[PDB]
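Enquirer: I'd like to ask you about the structure that follows.
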Amino acid sequence: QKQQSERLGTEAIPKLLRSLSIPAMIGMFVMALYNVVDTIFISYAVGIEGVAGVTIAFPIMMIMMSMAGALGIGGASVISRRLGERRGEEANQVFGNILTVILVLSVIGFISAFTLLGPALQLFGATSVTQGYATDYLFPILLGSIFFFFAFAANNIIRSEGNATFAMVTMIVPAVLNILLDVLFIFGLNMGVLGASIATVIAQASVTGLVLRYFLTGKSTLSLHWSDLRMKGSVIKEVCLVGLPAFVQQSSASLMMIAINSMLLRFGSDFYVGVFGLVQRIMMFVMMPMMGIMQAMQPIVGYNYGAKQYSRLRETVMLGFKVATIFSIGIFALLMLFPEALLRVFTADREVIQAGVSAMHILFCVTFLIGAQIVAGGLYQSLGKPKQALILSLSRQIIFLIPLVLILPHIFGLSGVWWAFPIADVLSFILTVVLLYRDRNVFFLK
Ligand SMILES: COc1ccc(CCN(C)CCC[C@@](C#N)(c2ccc(OC)c(OC)c2)C(C)C)cc1OC
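Going by the entry's author numbering, the first residue of the sequence shown is number 3, and it counts up by one from there.
In structure tokens form, the structure reads like this:
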């Protein structure tokens, strides 16, 4: 029991979404610029050698942040199921008792910096040029580690409460920084990769600072305590609980895209990695829409399961779905009428826009069914019974995917790239359908 600050606890709920969503929308989008507007730099004061350094370097940042991420979500979906179901103090407790396993690992990374770095780095596509670039990319971030975790944690918890607004600003602001901060090193000085890393730490420093305020200084939205508050909850079990399927979902993609990246180092030493790199943030970029809408329910379908207005959550979960679908068909078409002009960033051969958009064609007559397929994820995860979300993640990500690529690549062709996907996802979607008529209780309304 606590003081629900201006937790928008007030059930104003389909503008709860409206208002809740867009902030996501916003900062999500923003930082995505920083990528873009960062990397276009690394493609300058360095070439395409480092652009890949970066990209081989990438999955190892993901391996840390994944861990934090569970941690973050773990908290999110605890802390939501514990307001509404109004244990407002259990909350307080949790927040910090995460901060713990955080500050534990914020060291594990700092250690592994001075340790496991090169070891794993060299461990696959080690082009003696890019080898250093990834190294000089990766060393700082780990020094490093700390600011990094806190802030995705905080930004997850601050959603998990309600401050999508100050979220925005956990985003908007390393963002703007890390531009001018890059410019400052990268091109401004000459500390290239080596230094656009140190930029993107001095980013995560000067947030961390600010997050403390929205948890210490006029500690806003809610229960937020600092002296002995936390130690080592038996709730650590309770968050990992939740996070369990969360940090699979990364380690899944992540630990499978080390593969497809270093396997793209044996053929295309570099030419091709910064076209992995490239074709990603147009997946993610126009994933946002979806993602953002998701993160609106994150905590909405949080304080209404609790013990609260069940009646008013099926409302969410319907709308949840309802909207995502229209942006499902959306992305989809705009991902199949404009797959030309976005292959005009890819302007090369008249066979580049041939099979180069052959894949980019019916590879994605799946998109439109991805809307649900991904909403169903929050509403097993805000609702801290991620045991079916577990079940669910492993379906999409591995157990149907790889076994489908592998069962096409065992001689079936670069069609083994195609079918392997469009048809994988459908099964995940059909599965997901079943996981909801599984619970005539998320949606116990239509
Ligand atoms: C925007 O440009 C960049 C910014 C930061 C980084 C560093 C990568 N770090 C591991 C940051 C965490 C990855 C991050 C992304 N994208 C991310 C976190 C969790 C996710 O799970 C839904 C996620 O989706 C795969 C992405 C966010 C939180 C920054 C790379 C960037 O591009 C190479």
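For each residue, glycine too, the CB sits at the ideal point set by N, CA and C.
Going by the CB atoms, is the gap between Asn-165 and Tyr-36 shorter than 9 Å?
Expert: Translated into positions along the sequence shown, residue 36 becomes position 34. Translated into positions along the sequence shown, residue 165 becomes position 163. In this structure, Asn-165 does not lie closer than 9 Å to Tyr-36 by Cβ.
Enquirer: Does any heavy atom of ligand 1 sit closer than 8 Å to the C-beta of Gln-300?
Expert: As a working mapping, residue 300 is identified with position 298 in the sequence shown. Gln-300 Cβ: outside cutoff for every heavy atom of ligand 1.
Enquirer: Out of curiosity, what's the CA-to-CA distance linking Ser-45 and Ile-188?
Expert: Taking the sequence shown and counting its residues from 1, one reaches residue 45 at position 43. Taking the sequence shown and counting its residues from 1, one reaches residue 188 at position 186. Approximately 11 Å between the Cα atoms of the pair.
Enquirer: Please classify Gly-308: does DSSP put it in a helix, a strand, or coil?
Expert: Sequence index remark: in the sequence shown, residue 308 carries index 306 (1-based). Coil at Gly-308, not helix or strand.
Enquirer: Does ligand 1 have a heavy atom nearer than 8 Å to the CB of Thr-132?
Expert: Translated into positions along the sequence shown, residue 132 becomes position 130. No; taking the cut-off as 8 Å, the Cβ of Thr-132 has no heavy atom of ligand 1 nearer than that.
Enquirer: Between the region 93-105 and the region 219-235, do at least 3 Cβ pairs fall closer than 8 Å?
Expert: Cβ pair count under 8 Å is three or more, so yes.
Enquirer: Which residues in the same chain have their Cβ closer than 8 Å to the Cβ of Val-53, if we skip the five residues on either side of it in sequence?
Expert: Here residue 53 corresponds to residue number 51 of the sequence shown, with the count starting at 1. The residues are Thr-41, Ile-44, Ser-45, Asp-272, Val-275, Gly-276 and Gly-279.
Enquirer: Counting pairs of beta carbons, one from the region 370-381 and one from the region 429-447, are three or more of them closer than 8 Å?
Expert: Contact between the region 370-381 and the region 429-447 is present, because at least three Cβ pairs lie under 8 Å.
Enquirer: If you drop the 5 nearest sequence neighbours on each side, which residues of the same chain put their C-beta closer than 6 Å to that of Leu-85?
Expert: Counting from one through the sequence shown, the residue named residue 85 turns up at place 83. Taken in chain order, the residues that qualify are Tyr-305.
Enquirer: Buried or exposed: where does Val-241 fall if 16 or more other Cβ atoms within 10 Å of its Cβ makes it buried?
Expert: Along the sequence shown, read from residue 1 onward, the residue named residue 241 stands at position 239. Classification of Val-241: buried, given that the 10 Å Cβ count is 16 or more.
Enquirer: Ignore the nearest five residues each way along the sequence and tell me which others in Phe-445's own chain have a CB closer than 7 Å to its CB.
Expert: Locating residue 445 in the sequence shown gives position 443, where the first residue counts as 1. Same-chain partners within the cutoff: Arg-316, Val-319, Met-320 and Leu-438.
Enquirer: If you scan the region 352-393 from start to end, which runs of the beta strand (DSSP E) of 3 or more residues do you find wholly inside it?
Expert: Within the region 352-393, no complete beta strand (DSSP E) run reaches 3 residues.
Enquirer: So, are the CB atoms of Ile-148 and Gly-90 less than 9 Å apart?
Expert: Looking up residue 148 in the sequence shown gives position 146. Looking up residue 90 in the sequence shown gives position 88. In this structure, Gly-90 does not lie closer than 9 Å to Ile-148 by Cβ.
Enquirer: Specify whether the region 405-424 and the region 257-269 touch according to this definition: at least 3 beta carbon pairs, one from each stretch, less than 8 Å apart.
Expert: They do not touch, by the three-pair rule.
Enquirer: If the criterion is Cβ atoms closer than 9 Å, does the pair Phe-249 and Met-292 meet it?
Expert: In the sequence shown, the residue the question calls residue 249 occupies position 247. In the sequence shown, the residue the question calls residue 292 occupies position 290. No, Cβ-Cβ distance for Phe-249 and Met-292 is not below 9 Å.
Enquirer: Between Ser-222, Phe-402 and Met-299, which has its C-alpha nearest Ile-75's C-alpha?
Expert: Residue 75 sits at position 73 when you count from the first residue of the sequence shown. It is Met-299.
Enquirer: Tell me, please, whether the region 171-185 touches the region 110-126 by the rule of three or more beta-carbon pairs shorter than 8 Å.
Expert: Verdict: no, contact absent.
Enquirer: Might you give, ordered along the chain, the residues of its own chain that have their beta carbon closer than 8 Å to the beta carbon of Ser-254, omitting 5 neighbours on each side?
Expert: For the purposes of this step, residue 254 is taken as the residue at position 252 of the sequence shown. Excluding sequence neighbours, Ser-254 sits near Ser-395, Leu-396, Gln-399 and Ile-400.
Enquirer: Is any heavy atom of ligand 1 found at a distance shorter than 8 Å from the C-beta of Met-193?
Expert: Counting from 1 along the sequence shown, the entry for residue 193 is found at position 191. Result no, Cβ not under 8 Å from ligand 1.
Enquirer: Report the three-state DSSP secondary structure of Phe-446 (helix, strand or coil).
Expert: As a working note, residue 446 is residue 444 in the sequence shown. The answer is coil: DSSP assigns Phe-446 none of H, G, I, E or B.
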